[PDB]
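The next block holds one structure in the form of structure tokens; read it before the comments.
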Amino acid sequence: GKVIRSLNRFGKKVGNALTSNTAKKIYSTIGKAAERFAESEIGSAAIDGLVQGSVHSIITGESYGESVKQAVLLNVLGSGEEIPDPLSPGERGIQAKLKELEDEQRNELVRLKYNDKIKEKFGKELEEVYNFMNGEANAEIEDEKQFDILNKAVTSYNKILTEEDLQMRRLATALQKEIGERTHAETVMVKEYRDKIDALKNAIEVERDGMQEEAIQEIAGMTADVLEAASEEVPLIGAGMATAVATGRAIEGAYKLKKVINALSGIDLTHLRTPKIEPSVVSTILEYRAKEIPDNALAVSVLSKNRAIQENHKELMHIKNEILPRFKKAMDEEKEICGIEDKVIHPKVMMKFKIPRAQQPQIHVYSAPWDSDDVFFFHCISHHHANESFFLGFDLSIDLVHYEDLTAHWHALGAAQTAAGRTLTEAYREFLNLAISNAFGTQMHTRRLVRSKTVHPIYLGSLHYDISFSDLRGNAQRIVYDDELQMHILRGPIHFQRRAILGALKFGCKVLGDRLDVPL
């Protein structure tokens, strides 16, 4: 479903100048709705106070007009990170190998502190995979083909996922169940989690009272090791007075599962991730400004993180059921046809499943091929297990956004869905032609050869998003539909509006302040 709205900005309008009638109308329709359902007599009386009040609040809300609330990007910062400019592959590509390093370093002491207790739950398998990578050689060895180790890494990784999932689902129903219904073990688990959320509410509220008077930023910025303690819904092993929560995104990588899978088969799984705080939690805490948020709201946000972790699980199952068997078949067929020993996995077997880098399930950033930083667009791609993607492009000069669902992707390791959908190509073709035909407040455009008819985006790399793909698509919707979001999010130097658009896409952004309901 293509959509080509245009962005709002504060200097607009200016100015209709009626300026009332909102009072005259809200009374006129309110009187007619009473004329339909059995007269005005009941309200004359107590309801007229409600009307007069809502009209009053509505009117003074109208008095402010344009008007700039302060709005945050729901991602706690925390540690040295910024949000990369989505238009300098340098900056953002650094930021990826940087997160892989801080991560490998910090997971490592999850493996240190919890090794034996982890060998209890998932046990014997994980440590074998971690040894297969960085453990010293040369014993016991022999037991033992690489393809078995690849399978061991996957199945064990899936063992972690169904554990994290089953645990989240148990905590969410516990949050729902409400006191008399809750078992003892569940009251305890809800009480713990509720307390962690109180630490967080306290943090966010202190961070937010200290924010400037019209600010855009990230809501809060605590060091990752501390926020993990104050926020992880479901630690997977009981934290015996060490630090390092065994988050299980931690065990995923404490043991190098993802990394060994990727180093054996060619398959990249870096895109299986979860937000470090669920954005909807930061959102709930934000709109219960100081008034203990109910168990149900908590369970909603827990379920909401759970759907992202269920997405990872489904991707994993797509790799295990649809692609490992294909990988085996290709491997021993490689041995058959020109072996190529099949003790080791030879690289031409890995390359047999190698999708083009532009279609990894991340956010890909393209840019117009001429000269502005005005035009650019994201192609966001989603998990292979369900491989729909979309197109979200901006021309910040003739302020307009252009959103569009794209089609299936027939590459080597997508699922087969039905073609939707335009190509990525049809989409940016029309988008860039629109950006060019709309330009008449600059000369010498395009300046491209043969005077247009015509042009193609310059591709610029990509970044991972941590929320679920449908949460991402919901953020892109909310960028093209919400006028107030666009006004706030589109503000500083052009380079900052770019950073902020990527922010509100990648984490989501919520504007602050209050609202009141209408009777009729």
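Residue numbering restarts at 1 in every chain; chains get A, B, ... in the order shown in the structure tokens, and ligands count up from 1 in that same order.
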
Could you list, with a cut-off of 9 Å and counting only C-alpha atoms, the residues of region 425-465 of chain A near region 89-94 of chain A, each shown with its nearest atom pair and the distance in Å rounded to one decimal, rows sorted by chain and ascending number, as JSON lines?
```
{"residue": "A:460", "atom": "CA", "partner": "A:89", "partner_atom": "CA", "distance": 6.0}
{"residue": "A:461", "atom": "CA", "partner": "A:89", "partner_atom": "CA", "distance": 6.0}
{"residue": "A:462", "atom": "CA", "partner": "A:93", "partner_atom": "CA", "distance": 7.7}
{"residue": "A:463", "atom": "CA", "partner": "A:92", "partner_atom": "CA", "distance": 7.0}
```

Return as JSON, numbers by chain the full set of residues in region 151-370 of chain A whose backbone-based DSSP assignment is strand (DSSP E or B).
-> {"A": [216, 217, 218, 363, 364, 365, 366, 367]}

Preceding selection exported with N, CA, C and O atoms as a tab-separated table (two decimals), in the first residue's frame:
```
chain	number	residue	atom	x	y	z
A	216	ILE	N	14.51	17.40	21.94
A	216	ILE	CA	14.45	16.05	21.38
A	216	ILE	C	15.66	15.32	21.88
A	216	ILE	O	16.76	15.85	21.79
A	217	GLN	N	15.50	14.11	22.41
A	217	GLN	CA	16.66	13.27	22.63
A	217	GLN	C	16.23	11.87	22.91
A	217	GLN	O	15.07	11.52	22.69
A	218	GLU	N	17.19	11.04	23.33
A	218	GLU	CA	16.87	9.73	23.88
A	218	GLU	C	16.47	9.95	25.30
A	218	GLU	O	16.92	10.90	25.94
A	363	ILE	N	18.14	-2.48	8.07
A	363	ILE	CA	17.65	-1.28	7.41
A	363	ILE	C	18.68	-0.83	6.39
A	363	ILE	O	19.76	-0.43	6.78
A	364	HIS	N	18.40	-0.89	5.09
A	364	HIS	CA	19.41	-0.44	4.14
A	364	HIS	C	19.20	0.98	3.75
A	364	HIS	O	18.09	1.36	3.52
A	365	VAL	N	20.26	1.76	3.65
A	365	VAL	CA	20.09	3.16	3.36
A	365	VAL	C	20.54	3.51	1.98
A	365	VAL	O	21.71	3.38	1.71
A	366	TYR	N	19.66	3.96	1.09
A	366	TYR	CA	20.11	4.46	-0.20
A	366	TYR	C	20.00	5.93	-0.26
A	366	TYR	O	19.29	6.51	0.53
A	367	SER	N	20.64	6.53	-1.23
A	367	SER	CA	20.59	7.97	-1.37
A	367	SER	C	20.45	8.40	-2.82
A	367	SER	O	20.89	7.69	-3.71
```

Counting only C-alpha atoms, figure out which residue out of A:339, A:493, A:279, A:238 gets nearest to residue 509 (chain A).
-> A:279

Give me the region 124-193 of chain A side of the contact with region 288-309 of chain A, cut-off 10 Å, one line per residue showing its nearest atom pair and distance in Å at one decimal, counting only C-alpha atoms, sorted by chain and residue number, as CSV.
```
residue,atom,partner,partner_atom,distance
A:161,CA,A:309,CA,7.6
A:162,CA,A:309,CA,9.2
A:164,CA,A:309,CA,7.9
A:165,CA,A:309,CA,6.7
A:166,CA,A:306,CA,9.4
A:167,CA,A:306,CA,9.6
A:168,CA,A:306,CA,6.4
A:169,CA,A:303,CA,7.3
A:171,CA,A:302,CA,8.0
A:172,CA,A:299,CA,5.0
A:173,CA,A:299,CA,7.4
A:174,CA,A:299,CA,8.4
A:175,CA,A:299,CA,5.5
A:176,CA,A:296,CA,5.8
A:177,CA,A:295,CA,9.1
A:178,CA,A:295,CA,8.0
A:190,CA,A:295,CA,8.8
A:193,CA,A:298,CA,9.5
```

Residues as selected, N, CA and C atoms, written as an mmCIF file, in the first residue's frame, can you do that?
```
data_model
loop_
_atom_site.group_PDB
_atom_site.id
_atom_site.type_symbol
_atom_site.label_atom_id
_atom_site.label_comp_id
_atom_site.auth_asym_id
_atom_site.auth_seq_id
_atom_site.Cartn_x
_atom_site.Cartn_y
_atom_site.Cartn_z
ATOM 1 N N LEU A 161 16.475 -20.235 23.033
ATOM 2 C CA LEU A 161 15.366 -19.366 22.677
ATOM 3 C C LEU A 161 14.083 -19.850 23.251
ATOM 4 N N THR A 162 13.800 -21.149 23.184
ATOM 5 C CA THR A 162 12.522 -21.595 23.732
ATOM 6 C C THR A 162 12.564 -21.480 25.232
ATOM 7 N N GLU A 164 13.964 -18.772 26.837
ATOM 8 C CA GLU A 164 13.694 -17.365 27.087
ATOM 9 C C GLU A 164 12.246 -17.056 26.764
ATOM 10 N N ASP A 165 11.716 -17.782 25.802
ATOM 11 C CA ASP A 165 10.370 -17.512 25.353
ATOM 12 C C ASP A 165 9.422 -18.056 26.374
ATOM 13 N N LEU A 166 9.634 -19.303 26.763
ATOM 14 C CA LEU A 166 8.706 -19.926 27.681
ATOM 15 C C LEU A 166 8.686 -19.135 28.974
ATOM 16 N N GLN A 167 9.843 -18.606 29.349
ATOM 17 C CA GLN A 167 9.921 -17.833 30.567
ATOM 18 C C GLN A 167 9.189 -16.514 30.474
ATOM 19 N N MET A 168 9.322 -15.823 29.343
ATOM 20 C CA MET A 168 8.573 -14.580 29.176
ATOM 21 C C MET A 168 7.094 -14.837 29.192
ATOM 22 N N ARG A 169 6.656 -15.930 28.568
ATOM 23 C CA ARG A 169 5.226 -16.201 28.493
ATOM 24 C C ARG A 169 4.692 -16.544 29.856
ATOM 25 N N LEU A 171 5.954 -15.307 32.684
ATOM 26 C CA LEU A 171 5.859 -14.054 33.442
ATOM 27 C C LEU A 171 4.696 -13.203 32.989
ATOM 28 N N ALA A 172 4.354 -13.215 31.709
ATOM 29 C CA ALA A 172 3.269 -12.361 31.267
ATOM 30 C C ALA A 172 1.946 -12.882 31.755
ATOM 31 N N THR A 173 1.717 -14.193 31.696
ATOM 32 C CA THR A 173 0.437 -14.651 32.253
ATOM 33 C C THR A 173 0.398 -14.395 33.752
ATOM 34 N N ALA A 174 1.545 -14.478 34.417
ATOM 35 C CA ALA A 174 1.562 -14.218 35.841
ATOM 36 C C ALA A 174 1.177 -12.794 36.107
ATOM 37 N N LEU A 175 1.591 -11.892 35.228
ATOM 38 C CA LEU A 175 1.268 -10.475 35.375
ATOM 39 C C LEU A 175 -0.207 -10.254 35.195
ATOM 40 N N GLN A 176 -0.793 -10.998 34.262
ATOM 41 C CA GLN A 176 -2.228 -10.935 34.041
ATOM 42 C C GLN A 176 -3.058 -11.477 35.199
ATOM 43 N N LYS A 177 -2.596 -12.559 35.822
ATOM 44 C CA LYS A 177 -3.464 -13.433 36.608
ATOM 45 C C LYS A 177 -4.154 -12.790 37.797
ATOM 46 N N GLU A 178 -3.493 -11.832 38.437
ATOM 47 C CA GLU A 178 -4.083 -11.034 39.545
ATOM 48 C C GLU A 178 -4.358 -11.795 40.903
ATOM 49 N N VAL A 190 6.304 -11.979 39.824
ATOM 50 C CA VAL A 190 5.721 -10.665 39.551
ATOM 51 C C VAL A 190 6.249 -9.593 40.479
ATOM 52 N N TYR A 193 9.760 -8.633 39.271
ATOM 53 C CA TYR A 193 9.749 -7.855 38.052
ATOM 54 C C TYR A 193 9.169 -6.457 38.240
#
```

Nearby residues (only C-alpha atoms) at most 12 Å from residue 52 (chain A), same-chain spacing under 5 positions excluded, as a list in words | residues 23, 26, 27, 30, 43, 44, 45, 46, 47, 57, 58, 59, 518 and 519 of chain A
